[PDB]
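> this one's structure only:
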Ligand SMILES: C[C@H](NC(=O)CCC(=O)c1cccs1)c1cccnc1
Ligand SMILES: C[C@H](NC(=O)CCC(=O)c1cccs1)c1cccnc1
Ligand SMILES: [Ca+2]
């Protein structure tokens, strides 16, 4: 996250870190045994880390649970990034508490102008690289479809939305992918892609979770 703030320990209780020897992506806990992330975060050997603040220090609220299965969306296209969503099942259910909690799926799609919370452990620099150890947060509005398409001609599908600031300076970045965009207490987006980070006229692009609620519910119900 570039241009954000320190969230505070466990103030984003649905945020997970995906670890394969190291943090590589975020995710969102949506019930005691399932996480939503980005399809482009797929790999084998995932351990889900819940209750994290500093990802390099055991602070006492973590739960580390290996994945039993991952399910990439059937229509994910890694070239276009359309349908950039996957589900990860935990081998055992997380113990839910105030610091490890699921986030509700949306009942409706959020509109341009809605203010949301984006979070992650990604790079905090638009030029160069610095990672944080603690979770970072950014408040940002959803942008209109027309301004998103104007920013990225020929690239924005009906399964994507932009959020952030056309002036630049505040954005998601490398290592935030797969993490949450939460608006009014519902998971509306997944950190997906952009052109660099925090550049002028290049806001972050996010998977539009409301389009996937049926797929998520039906997949969970049979897996
Ligand atoms: C205490 C604060 N609560 C809110 O911001 C609620 C309201 C909220 O999410 C948003 C308002 C505008 C965009 S998003 C908080 C908690 C955790 C992390 N950072 C801040
Ligand atoms: C630049 C960064 N990531 C991407 O644009 C997608 C990266 C991508 O598809 C892949 C990486 C490895 C295999 S596939 C980003 C993230 C969030 C906001 N702004 C920029
Ligand atoms: Ca930790």
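Nice, thanks for sending it over. Numbers count the residues shown, from 1 in each chain. Ligands and ions are numbered 1, 2, ... in the order given.

> what residues does the lengthiest helix in the chain touch?
When the chain is parsed with DSSP state H, its longest helix is helix 213-222. With CB atoms under 8 Å, 6 or more residues apart in numbering as the test, helix 213-222 has contacts from 30-31, 34, 36, 71, 73, 87, 105-106. All C-beta spots, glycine's among them, are computed from the backbone N, C-alpha and C.

> and the residues you listed as CSV, adding distance to residue 198 and neighbour count?
As requested, the contacts of helix 213-222 are arranged in CSV below (distance: CB to CB, whole Å; neighbours: other CB atoms under 10 Å):
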residue, distance to residue 198, neighbour count
30, 28, 21
31, 33, 16
34, 31, 22
36, 24, 26
71, 32, 18
73, 28, 20
87, 29, 23
105, 29, 18
106, 26, 21
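
> Now, the residues you listed that are in strands?
30-31, 34, 36, 71, 87 (DSSP state E).

> Now the residue nearest to the spatial centre of the chain: closest residue in space, sequence neighbours ignored.
Among the residues of the chain, residue 179 comes closest to the average C-alpha position under CA atoms, centre = their mean, at 1.6 Å. Spatial nearest neighbour of residue 179, excluding adjacent residues (CB to CB, 6 or more residues apart in numbering): residue 26 at 2.7 Å.

> Helix, strand or coil: sort out the one you found for me.
Look at residue 26: counting by DSSP: H, G, I helix; E, B strand; the rest coil, its state is strand.
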